[PDB]
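Structure record follows, encoded as structure tokens.
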Amino acid sequence: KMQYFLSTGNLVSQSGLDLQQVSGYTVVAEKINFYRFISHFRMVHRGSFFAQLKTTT
DNA sequence: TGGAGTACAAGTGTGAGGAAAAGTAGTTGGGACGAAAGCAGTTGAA
């Protein structure tokens with residue numbers, strides 16, 4: 001079940017964590033060059049809830 | 001100066017033992033990209 005989280009990114013939880021989305025939690029570490037690869041690890045994301053908003057604040 | 005009993009061995013049927021590497025007997029491990037807008041016929045009660 002932990003592999004299913006890491007294979008899809010879908011968060012199945014009977015509680016619901018304190019988080020506001022249920023998907024996209026894991027990405028593919030690409031190796032097309034090293035700059036692509038090292039910058040997956042310095043990358044941070046605001047949340048997928050904010051990708052659907054029309055406000056640019 | 002003949003017979004009555006008799007242990008030592010030559011000699012004859014019954015089954016019972018011996019073994020192994022093939023198979024099979026019960027437990028445990030393990031298999032399984034969507035929280036969009038002004039708007040309209042029906043439809044709320046006045």
Side-chain angles (χ1 to χ4, degrees):
Chain A
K1 293 185 179 183
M2 300 302 292
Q3 184 176 181
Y4 176 71
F5 167 67
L6 284 171
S7 179
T8 56
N10 293 318
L11 179 61
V12 46
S13 63
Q14 298 176 0
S15 169
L17 271 64
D18 205 73
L19 306 170
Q20 70 272 14
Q21 78 264 18
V22 296
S23 294
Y25 283 98
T26 195
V27 296
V28 174
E30 297 289 332
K31 290 292 289 293
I32 79 168
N33 54 358
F34 183 69
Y35 297 179
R36 176 65 174 165
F37 179 68
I38 191 61
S39 69
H40 289 101
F41 298 96
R42 307 300 294 166
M43 180 187 288
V44 71
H45 190 264
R46 181 72 182 90
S48 176
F49 175 74
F50 298 94
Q52 188 149 337
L53 298 175
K54 63 182 182 294
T55 304
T56 65
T57 306

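The figures that follow rest on heavy atoms only: side chains count, while hydrogens, waters and symmetry mates do not. In what follows, chains carry the letters A, B, and so on, assigned in the order in which the sequence lines appear, proteins first and then strands, with residues in each chain numbered from 1.
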| Any stacking for adjacent B:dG34 and B:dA35 under the 5.5 Å centre, 30° plane criterion? |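 Stack absent between B:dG34 and B:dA35.
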Next on the checklist: Applying a cutoff of 5.5 Å on centroid distance plus 30° on plane angle, are these adjacent nucleotides, B:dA16 and B:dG17, stacked?
Outcome noted: yes
Counted 5' to 3', the first and last nucleotides of DNA chain B within 4.0 Å (strictly under) of a heavy-atom of chain A are B:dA35 to B:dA36
- Of all heavy-atom pairs between A:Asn10 and A:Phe5, which one has the smallest distance, and what is that distance?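 Minimum heavy-atom separation between A:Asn10 and A:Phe5: O-CD1, 3.9 Å.
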If you take all heavy atoms of A:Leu11 and A:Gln21, which pair is closest and at what distance?
->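 Answer, listing the atom of A:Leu11 first, then A:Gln21: CD2-O, 4.4 Å.
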Which class fits the ring pair A:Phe34 and A:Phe37: parallel under 30°, tilted 30 to 60°, perpendicular over 60°?
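The arrangement is tilted - the two ring planes meet at 30° to 60°.
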North or south sugar at [N] (positive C1'-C2'-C3'-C4' torsion counts as north):
| N | result |
| --- | --- |
| B:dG31 | north |
| B:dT42 | south |
| B:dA16 | south |
| B:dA40 | south |
| B:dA19 | north |

Is A:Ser7 reaching over with its side chain to a backbone N or O of A:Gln3, donor-acceptor style, under 3.5 angstrom? no
ask   = Just by distance, do the side chain of A:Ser15 and the backbone of A:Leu17 share a donor-acceptor pair under 3.5 Å?
value = no
With sugar-phosphate meaning primed atoms plus P, OP1 and OP2, does A:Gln21 contact a base, only sugar-phosphate, or nothing at under 4.0 Å between heavy atoms?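 Nothing: the residue A:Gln21, judged by heavy atoms under 4.0 Å, touches no strand.
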Check: If you group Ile, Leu, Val, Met, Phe, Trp and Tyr by side-chain heavy-atom gaps below 4.5 Å, do A:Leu6 and A:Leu19 land in one group?
Finding: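 They do share one cluster, since a chain of ILVMFWY contacts under 4.5 Å joins A:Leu6 to A:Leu19.
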- Message: Rounding to an integer number of angstrom, what distance separates B:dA40 and B:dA36 when you compare their P atoms?
- Response: 23 Å
